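Asks: Quick one: structure below, then a few questions.
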Amino acid sequence: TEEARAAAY
Amino acid sequence: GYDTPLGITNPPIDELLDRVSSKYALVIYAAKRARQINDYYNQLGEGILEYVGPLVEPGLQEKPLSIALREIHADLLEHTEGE
C-alpha cells in the first residue's frame with residue numbers, strides 16, 4: 001500500500 | 001484469547017483469513033509477495049530498486065514466506081482479485 005511505501009524509508 | 005502461538009502457526013490463520021476473501025486467495029496473496037521479497041533479496045547486490053523489499057523489519061534469518069505472511073497480518077498490503 002502507498003502508505004507503507006511512503007513510510008518504508 | 002489464547003497462548004502465544006509458536007512455529008509456522010504464527011500469525012494465526014483466522015486473523016489472516018479476516019483480511020482475504022478465502023484461503024485459496026490467501027495462498028496466492030502470500031506466495032506472490034514471497035516471490036517479490038526473494039527477488040528483492042536476489043537483486044540486493046546491485047540493480048534497480050523496482051521491487052520494494054520487506055515492509056516489516058525481518059527477524060534473524062526469517063524465510064521470505066514468513067515475512068510475507070507477517071506483513072500481510074500487519075495490514076500493510078493491498079491485493080486485487082482477477083475475474
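Since every read-out is calculated from the coordinates, none of them should be taken as a lab result. Note: ideal-geometry Cβ built from the backbone for every residue, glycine included; neighbour counts use all protein chains shown.
Asks: Residues being part of a helix (DSSP H, G or I) and hydroxyl-bearing (S, T, Y): count how many of those fall in the stretch B:29-83.
Replies: Number of matching residues: 4.
Asks: Does the stretch B:58-83 hold any residues that are of a type in the set (S, T, N, Q) and more than 14 Å from chain A (Cβ to nearest Cβ), and which are they?
Replies: Correct list: B:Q61, B:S66.
Asks: Right, another one. State whether the residues of the stretch B:6-22 include one that is exposed (fewer than 15 other Cβ atoms within 10 Å of the Cβ), assigned to a loop (DSSP other than H, G, I, E, B), among the small types (G, A, S) and at negative phi.
Replies: Scanning the stretch B:6-22, I find at least one residue that is exposed (fewer than 15 other Cβ atoms within 10 Å of the Cβ), assigned to a loop (DSSP other than H, G, I, E, B), among the small types (G, A, S) and at negative phi, so the answer is yes.
Asks: Restrict the check to the stretch B:22-34 and report whether at least one residue is farther than 29 Å from A:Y9 by Cβ and either touching an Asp or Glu at 6+ places or on another chain (Cβ under 9 Å) or hydrophobic (A, V, I, L, M, F, W, C) (or both).
Replies: Yes, there is a match, as at least one residue in the stretch B:22-34 is farther than 29 Å from A:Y9 by Cβ and either touching an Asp or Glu at 6+ places or on another chain (Cβ under 9 Å) or hydrophobic (A, V, I, L, M, F, W, C) (or both).
Asks: Let me ask another. Pick out the one residue from B:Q43, B:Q36 that is away from chain A (no Cβ under 14 Å) and either surrounded by 11 or more Cβ atoms within 10 Å (Cβ to Cβ) or at positive phi (or both). Break it down stepwise before answering.
Replies: Values: B:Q36 fails: away from chain A (no Cβ under 14 Å).
Of B:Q43, B:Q36, the one residue that is away from chain A (no Cβ under 14 Å) and either surrounded by 11 or more Cβ atoms within 10 Å (Cβ to Cβ) or at positive phi (or both) is B:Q43.
Asks: List every residue pair whose Cβ atoms lie under 6 Å apart, where the two residues are 6 or more positions apart in sequence or sit on different chains, the first residue falls within the stretch B:56-83 and is free of Cβ contacts under 8 Å to residues at least 24 places away in the same chain, and the second residue, located anywhere, is in a helix (DSSP H, G or I) and surrounded by 12 or more Cβ atoms within 10 Å (Cβ to Cβ).
Replies: B:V56/B:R70; B:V56/B:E71; B:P58/B:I67; B:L76/A:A4
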